[PDB]
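Trainee: Here it is, the structure in full.
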Amino acid sequence: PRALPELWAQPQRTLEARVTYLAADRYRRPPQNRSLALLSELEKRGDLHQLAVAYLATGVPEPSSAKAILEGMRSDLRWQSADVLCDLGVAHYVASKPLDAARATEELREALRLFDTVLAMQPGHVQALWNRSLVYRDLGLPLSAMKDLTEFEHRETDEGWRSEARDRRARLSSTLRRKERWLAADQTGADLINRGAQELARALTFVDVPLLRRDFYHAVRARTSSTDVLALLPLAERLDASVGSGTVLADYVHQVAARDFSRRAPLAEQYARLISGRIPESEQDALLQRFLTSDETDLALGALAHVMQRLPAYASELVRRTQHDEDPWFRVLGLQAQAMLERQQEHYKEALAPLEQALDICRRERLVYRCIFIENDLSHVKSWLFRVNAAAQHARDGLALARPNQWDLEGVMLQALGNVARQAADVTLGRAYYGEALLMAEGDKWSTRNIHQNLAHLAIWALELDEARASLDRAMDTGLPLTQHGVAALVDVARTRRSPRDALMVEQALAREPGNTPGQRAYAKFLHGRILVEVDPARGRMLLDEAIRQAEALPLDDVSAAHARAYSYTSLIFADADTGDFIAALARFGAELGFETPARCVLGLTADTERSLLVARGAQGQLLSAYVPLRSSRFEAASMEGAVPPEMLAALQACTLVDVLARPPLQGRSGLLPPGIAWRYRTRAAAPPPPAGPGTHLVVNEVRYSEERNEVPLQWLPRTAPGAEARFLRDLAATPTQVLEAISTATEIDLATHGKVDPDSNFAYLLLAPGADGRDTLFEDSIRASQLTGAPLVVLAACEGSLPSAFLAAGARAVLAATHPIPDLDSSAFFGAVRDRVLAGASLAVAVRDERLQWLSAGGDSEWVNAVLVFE
């Protein structure tokens, strides 16, 4: 496999990146055809590495062909795995360039993941360092790119490559100029506060910096004389002119420049010392009460905004005192305080309205410092509500607002983007954003601890518990105690990598954050029990039991209480499995759902972080268990083949039907058991009683969707019950309102529509025909709220935040859903044969198993019929 002189003879390197092929990796000056015969020569001669590298690094790049060749090469041993993965990352990076930002982000993420893998299995890969610096630069993370280029010049030996890396790093180092300008602006604002109009000449050169408005607010309140407030007027006018036409900061100056300073002077200096931090925490409350009992309301607003971070009881006073403020700055501040007060009680959905109101106010009034905080809060709220798309959009908008001048706020917005990525389980981009924010937040200790806690959480998701341990140690090394986020990370990590200070640190962290709501108190009880249960079984078991009891006393809409109960049951199940008590494991499996576990023919599944449990009972009642205390990868691929050991499969092949109690997130997955075994997903103690009288079989088929939906209508030939009615909703009659009306009476429901999850809200819906309002969806919340009096057997074809769970909660006696695209109207035949079988007298699970066997034995599609799941 020789090299081709003609392919690499050009004096100019075609691409910025570096390929691993030796002849194509030699110093050629940076950028400003191939023959179908001589590429076929490389293909036939066995030199596929040069074939891919030629597809990438000469002529017009064609990253798709090189990508295909490199995926083919990944399963070969004649090539270094590091080189192949680096070239695949280069192909993804090259493919990223022509696309738009939304689509280029995915390719950049794939390239970054490949380069991270290469540098993890080869720390000194010079090509990977170069290409990862390029990828970081393309993601708007210049500091990470400079770090990579520094490591490159450490690791590179070629002179030309080192020189070009030095030039690229020098070009990238212009971000430090923005950092130093922000530092100068911050110091000028502090001097403006501390001296007034003496720093007026310098302050007027920082008007475009967003922080100058708040520093002007602080400066006006700290002046002990009327002459000083008059002297600050030019800055007020020039700040007003930079944001809009109307003057507000100059009216505030005239307002404070008339008050009797015989009473304001003792308080202006007190406010200045409070802002500067000279007031001790004990002394702060008396000064605050003195502020609130005076006629000087601006000092009260400033002090309340300064104090409410530690004492959220003053946020209510701040909200009251700026409901109708003539300054939009303080109106947005009050709306932000309202949103934070809503959040502290876990009313995140109710925290959205003041946030959007403040967003509109600050967007119209062109005040950027408050806009950045409002966008950060909106991103956090929507990420908590699992609206990752809108949260990411808000984070991007805030980052764009804060990028030119606000160095600290743009690091905050990078943290917001990392949080959005962490919610979406995006480890690579979350790590990239958080590392960039960590590089930007050097010296800061508060942001460092939060960044490291989030990095530990990201490592926990990726099952890199050593890196999570390291990042938790880094977070605690800042001298600040962890928060409940850090405590959750620690209780996930301290199980296998316990540290002598882990329990004591958890006690301190939960002492100061016990929880505002009863659900948060239950969650803190859970966390304490979870860390404690590993060391002291009796006390930790008691704490987990009482956390379960506390969570059971609150409504099911309490998110923290539900999390506390579910996680306490998970911890107790795995603590019973850890000591070898697998009877208690199944007992808890049953007890979580409210019914005693079946004595035979039952399977239970759990998987928390690095531990997996599959305990089952056979036909004779014998118990089998599959405990994996130390996992290496989370359950994925949406199909669980190989989870059940062959011994357990042999035990469960003697059962008439198997009740599978799959705890989340393992519920609703296909391929758990072979097609020869009849089984069901049991989620309730018993099914709703059958109705009396001939029912109305409802068929929703041939739905005419909207033009932009682009979905194929589905036909259905039903099998009505003896003496029943076939209530049909075809074409435009299959509206969400009519469907909701019909499903609440029908005893047999065949839904020949598509069940899709909302990409934004992550809520499953039923795609239906557009109604009068124009909506064409039936979200699962409307189904859960509805009641099904007929106890129907819902057949849910083409399903894909679970519709079967919603229908079961509504009142359906059983839901069988096909989690795969319909195989050309044979779905009707399959499900009708199943319905006839259950009408004969067989149970639902055994009937669907018999039909599965008769379907695979008749040459039918296997990928579809194996995805039909039975819920009861």
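Residue numbering restarts at 1 for every chain of the structure tokens, chains are lettered A, B, ... in their displayed order, and ligands are numbered from 1 as they appear.
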Need to verify the contact set: region 88-96 of chain A, 6 Å, only C-alpha atoms, exclusion of same-chain residues closer than 5 positions in sequence. Can you return it as a PyMOL selection string?
Mentor: chain A and resi 63+104+107-108+111+114
Trainee: Can you pull out every residue within 9 Å of residue 232 (chain A), counting only C-alpha atoms, but drop anything in the same chain fewer than 4 positions away, and send it as a list in words?
Mentor: residues 196, 197, 200, 216, 219, 220, 227, 228, 236 and 253 of chain A
Trainee: Could you pull out all residues of region 689-866 of chain A with a DSSP call of helix (DSSP H, G or I) and give them as an MDAnalysis selection string?
Mentor: chainID A and resid 736:743 780:785 803:810 826:840 844:856 862:865
Trainee: For the selection just defined, write its residues with N, CA and C atoms to a file, as a short mmCIF file (atom, residue, chain, number, x, y, z; two decimals), in the first residue's frame.
Mentor:
```
data_model
loop_
_atom_site.label_atom_id
_atom_site.label_comp_id
_atom_site.auth_asym_id
_atom_site.auth_seq_id
_atom_site.Cartn_x
_atom_site.Cartn_y
_atom_site.Cartn_z
N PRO A 736 -59.43 16.02 17.42
CA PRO A 736 -59.14 15.71 18.82
C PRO A 736 -60.35 15.81 19.74
N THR A 737 -61.23 16.79 19.50
CA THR A 737 -62.42 16.91 20.33
C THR A 737 -63.36 15.73 20.13
N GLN A 738 -63.60 15.35 18.88
CA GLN A 738 -64.48 14.21 18.61
C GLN A 738 -63.87 12.91 19.11
N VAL A 739 -62.55 12.76 18.96
CA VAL A 739 -61.89 11.55 19.45
C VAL A 739 -61.99 11.47 20.97
N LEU A 740 -61.76 12.59 21.66
CA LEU A 740 -61.89 12.59 23.11
C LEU A 740 -63.32 12.29 23.54
N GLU A 741 -64.30 12.81 22.81
CA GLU A 741 -65.69 12.49 23.10
C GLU A 741 -65.97 11.00 22.91
N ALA A 742 -65.42 10.41 21.85
CA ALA A 742 -65.75 9.03 21.51
C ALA A 742 -65.06 8.02 22.43
N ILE A 743 -63.80 8.28 22.80
CA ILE A 743 -63.07 7.28 23.58
C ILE A 743 -63.60 7.14 25.00
N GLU A 780 -51.21 13.48 25.72
CA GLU A 780 -51.52 12.43 26.68
C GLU A 780 -52.19 12.97 27.93
N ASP A 781 -51.97 14.25 28.26
CA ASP A 781 -52.60 14.82 29.45
C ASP A 781 -54.11 14.87 29.30
N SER A 782 -54.60 15.18 28.10
CA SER A 782 -56.04 15.16 27.85
C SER A 782 -56.61 13.76 27.99
N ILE A 783 -55.84 12.74 27.61
CA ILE A 783 -56.31 11.36 27.77
C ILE A 783 -56.34 10.97 29.24
N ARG A 784 -55.28 11.31 29.99
CA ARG A 784 -55.25 10.98 31.41
C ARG A 784 -56.38 11.67 32.16
N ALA A 785 -56.63 12.94 31.85
CA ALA A 785 -57.72 13.67 32.50
C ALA A 785 -59.07 13.04 32.18
N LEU A 803 -48.11 6.98 25.74
CA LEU A 803 -49.55 6.84 25.49
C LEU A 803 -50.17 5.62 26.16
N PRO A 804 -49.57 4.42 26.11
CA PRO A 804 -50.20 3.28 26.82
C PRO A 804 -50.42 3.54 28.30
N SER A 805 -49.47 4.19 28.97
CA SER A 805 -49.65 4.52 30.38
C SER A 805 -50.80 5.49 30.57
N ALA A 806 -50.92 6.48 29.69
CA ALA A 806 -52.02 7.43 29.78
C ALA A 806 -53.37 6.74 29.60
N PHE A 807 -53.47 5.85 28.62
CA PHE A 807 -54.73 5.15 28.38
C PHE A 807 -55.06 4.20 29.53
N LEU A 808 -54.05 3.55 30.10
CA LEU A 808 -54.28 2.68 31.25
C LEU A 808 -54.76 3.47 32.46
N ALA A 809 -54.16 4.64 32.69
CA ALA A 809 -54.59 5.49 33.79
C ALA A 809 -55.99 6.04 33.56
N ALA A 810 -56.36 6.29 32.30
CA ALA A 810 -57.69 6.82 32.01
C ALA A 810 -58.78 5.81 32.33
N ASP A 826 -51.55 -4.79 7.23
CA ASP A 826 -51.62 -6.07 7.92
C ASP A 826 -51.76 -5.90 9.43
N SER A 827 -51.56 -4.69 9.94
CA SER A 827 -51.82 -4.42 11.34
C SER A 827 -53.27 -4.71 11.69
N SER A 828 -54.20 -4.34 10.81
CA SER A 828 -55.61 -4.61 11.04
C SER A 828 -55.85 -6.11 11.18
N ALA A 829 -55.25 -6.91 10.29
CA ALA A 829 -55.44 -8.35 10.35
C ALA A 829 -54.84 -8.94 11.62
N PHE A 830 -53.63 -8.51 11.98
CA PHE A 830 -53.00 -9.01 13.20
C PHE A 830 -53.85 -8.71 14.43
N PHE A 831 -54.23 -7.44 14.59
CA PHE A 831 -54.95 -7.05 15.80
C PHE A 831 -56.37 -7.58 15.81
N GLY A 832 -57.00 -7.75 14.64
CA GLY A 832 -58.30 -8.38 14.60
C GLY A 832 -58.25 -9.85 14.97
N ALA A 833 -57.22 -10.56 14.52
CA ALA A 833 -57.05 -11.94 14.94
C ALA A 833 -56.80 -12.03 16.44
N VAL A 834 -56.02 -11.10 16.98
CA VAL A 834 -55.81 -11.05 18.43
C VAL A 834 -57.13 -10.83 19.16
N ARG A 835 -57.95 -9.90 18.67
CA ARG A 835 -59.23 -9.62 19.30
C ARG A 835 -60.15 -10.83 19.25
N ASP A 836 -60.19 -11.52 18.11
CA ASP A 836 -60.99 -12.74 18.02
C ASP A 836 -60.49 -13.80 18.99
N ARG A 837 -59.16 -13.92 19.14
CA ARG A 837 -58.60 -14.89 20.07
C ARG A 837 -59.02 -14.58 21.51
N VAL A 838 -58.94 -13.31 21.91
CA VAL A 838 -59.34 -12.97 23.28
C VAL A 838 -60.84 -13.09 23.45
N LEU A 839 -61.61 -12.93 22.37
CA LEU A 839 -63.05 -13.16 22.44
C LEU A 839 -63.36 -14.63 22.60
N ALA A 840 -62.51 -15.51 22.08
CA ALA A 840 -62.72 -16.94 22.26
C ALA A 840 -62.63 -17.33 23.73
N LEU A 844 -55.12 -11.96 27.12
CA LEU A 844 -54.58 -11.07 26.11
C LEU A 844 -53.14 -11.41 25.76
N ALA A 845 -52.31 -11.66 26.78
CA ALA A 845 -50.89 -11.92 26.52
C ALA A 845 -50.70 -13.21 25.74
N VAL A 846 -51.40 -14.28 26.12
CA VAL A 846 -51.25 -15.54 25.39
C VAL A 846 -51.83 -15.43 23.99
N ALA A 847 -52.87 -14.62 23.80
CA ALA A 847 -53.44 -14.44 22.47
C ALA A 847 -52.49 -13.68 21.56
N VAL A 848 -51.86 -12.62 22.07
CA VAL A 848 -50.88 -11.92 21.24
C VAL A 848 -49.66 -12.79 20.99
N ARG A 849 -49.31 -13.68 21.93
CA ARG A 849 -48.19 -14.58 21.67
C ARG A 849 -48.53 -15.60 20.59
N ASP A 850 -49.74 -16.16 20.65
CA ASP A 850 -50.16 -17.10 19.61
C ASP A 850 -50.20 -16.43 18.25
N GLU A 851 -50.70 -15.19 18.19
CA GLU A 851 -50.70 -14.47 16.93
C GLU A 851 -49.29 -14.12 16.48
N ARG A 852 -48.38 -13.82 17.41
CA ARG A 852 -46.99 -13.59 17.04
C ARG A 852 -46.38 -14.83 16.41
N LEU A 853 -46.66 -16.00 16.98
CA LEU A 853 -46.14 -17.24 16.42
C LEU A 853 -46.73 -17.51 15.04
N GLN A 854 -48.04 -17.34 14.89
CA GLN A 854 -48.67 -17.54 13.59
C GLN A 854 -48.27 -16.48 12.57
N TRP A 855 -47.75 -15.34 13.03
CA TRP A 855 -47.29 -14.28 12.15
C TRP A 855 -45.86 -14.52 11.68
N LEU A 856 -44.98 -14.94 12.59
CA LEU A 856 -43.62 -15.28 12.20
C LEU A 856 -43.57 -16.58 11.41
N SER A 862 -40.80 -9.56 11.09
CA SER A 862 -40.45 -9.83 12.48
C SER A 862 -40.14 -8.57 13.27
N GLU A 863 -39.55 -7.56 12.63
CA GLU A 863 -39.20 -6.33 13.35
C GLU A 863 -40.43 -5.59 13.84
N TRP A 864 -41.57 -5.76 13.17
CA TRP A 864 -42.79 -5.09 13.61
C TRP A 864 -43.51 -5.88 14.69
N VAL A 865 -43.74 -7.17 14.46
CA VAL A 865 -44.55 -7.96 15.38
C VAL A 865 -43.84 -8.17 16.71
#
```
Trainee: Just give me the gap between CA of residue 748 (chain A) and CA of residue 731 (chain A) in Å, one decimal is fine.
Mentor: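 Answer for the CA of residue 748 (chain A) to CA of residue 731 (chain A) separation: 19.9 Å.
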Trainee: Could you give me, as a VMD selection string, the residues within 6 Å of residue 777 (chain A), counting only C-alpha atoms and dropping anything in the same chain fewer than 6 positions from it?
Mentor: chain A and resid 765 to 768
Trainee: Those residues you just picked out, can you put them in a file as an mmCIF file, in the first residue's frame with N, CA and C atoms?
Mentor:
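The result, written out as again.cif:
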```cif
data_model
loop_
_atom_site.group_PDB
_atom_site.id
_atom_site.type_symbol
_atom_site.label_atom_id
_atom_site.label_comp_id
_atom_site.auth_asym_id
_atom_site.auth_seq_id
_atom_site.Cartn_x
_atom_site.Cartn_y
_atom_site.Cartn_z
ATOM 1 N N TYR A 765 -48.423 12.398 21.901
ATOM 2 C CA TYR A 765 -49.750 12.812 21.472
ATOM 3 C C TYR A 765 -50.254 11.855 20.404
ATOM 4 N N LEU A 766 -51.525 12.018 20.051
ATOM 5 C CA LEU A 766 -52.156 11.279 18.964
ATOM 6 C C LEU A 766 -52.344 12.239 17.798
ATOM 7 N N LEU A 767 -51.663 11.968 16.690
ATOM 8 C CA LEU A 767 -51.800 12.801 15.504
ATOM 9 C C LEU A 767 -53.166 12.569 14.871
ATOM 10 N N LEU A 768 -53.993 13.610 14.843
ATOM 11 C CA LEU A 768 -55.361 13.514 14.355
ATOM 12 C C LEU A 768 -55.613 14.614 13.330
#
```
Trainee: If we count only C-alpha atoms and set the cut-off at 8 Å, which residues sit around residue 726 (chain A), ignoring sequence neighbours fewer than 6 positions away in its own chain? Please answer as a CSV table (one decimal) with C-alpha atoms, in the first residue's frame.
Mentor:
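Final output, saved to part_22.csv:
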```csv
chain,number,residue,atom,x,y,z
A,696,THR,CA,-69.5,0.5,20.7
A,697,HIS,CA,-66.3,-0.5,18.9
A,698,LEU,CA,-64.5,2.7,18.0
A,699,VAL,CA,-62.2,2.8,14.9
A,718,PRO,CA,-62.1,-3.9,12.3
A,720,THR,CA,-66.7,-5.8,15.7
```
Trainee: Considering only C-alpha atoms, return as an mmCIF file with C-alpha atoms, in the first residue's frame whatever protein or nucleic-acid residues lie within 6 Å of region 279-291 of chain A, sequence-local ones (same chain, fewer than 3 positions apart) excluded.
Mentor:
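Output below, filename out-v5.cif:
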```
data_model
loop_
_atom_site.group_PDB
_atom_site.id
_atom_site.type_symbol
_atom_site.label_atom_id
_atom_site.label_comp_id
_atom_site.auth_asym_id
_atom_site.auth_seq_id
_atom_site.Cartn_x
_atom_site.Cartn_y
_atom_site.Cartn_z
ATOM 1 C CA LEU A 274 -23.703 47.446 52.561
ATOM 2 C CA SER A 294 -37.556 55.706 55.545
ATOM 3 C CA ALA A 300 -34.657 50.179 49.951
#
```
Trainee: Excluding region 184-191 of chain A and residues on its chain fewer than 2 positions from it, collect all residues at most 12 Å away from it, counting only C-alpha atoms, and give them as a ChimeraX atom specification.
Mentor: /A:177-182,193-220,222,235,272,275-276,405-408
Trainee: Could you please determine the separation between CA of residue 678 (chain A) and CA of residue 650 (chain A) in Å, to one decimal place?
Mentor: 13.5 Å
Trainee: Excluding residue 564 (chain A) and residues on its chain fewer than 4 positions from it, collect all residues at most 10 Å away from it, counting only C-alpha atoms, and give them as a VMD selection string.
Mentor: chain A and resid 519 to 527 544 547 to 552 558 to 560 568 to 570
Trainee: Give me, please, the distance in Å between CA of residue 730 (chain A) and CA of residue 687 (chain A), quoted to one decimal.
Mentor: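 One can read the CA of residue 730 (chain A) to CA of residue 687 (chain A) distance as 29.9 Å.
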Trainee: Considering only C-alpha atoms, state which residue in the set A:483, A:453, A:293, A:338 is at the smallest distance from residue 438 (chain A).
Mentor: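 Closest candidate: A:453.
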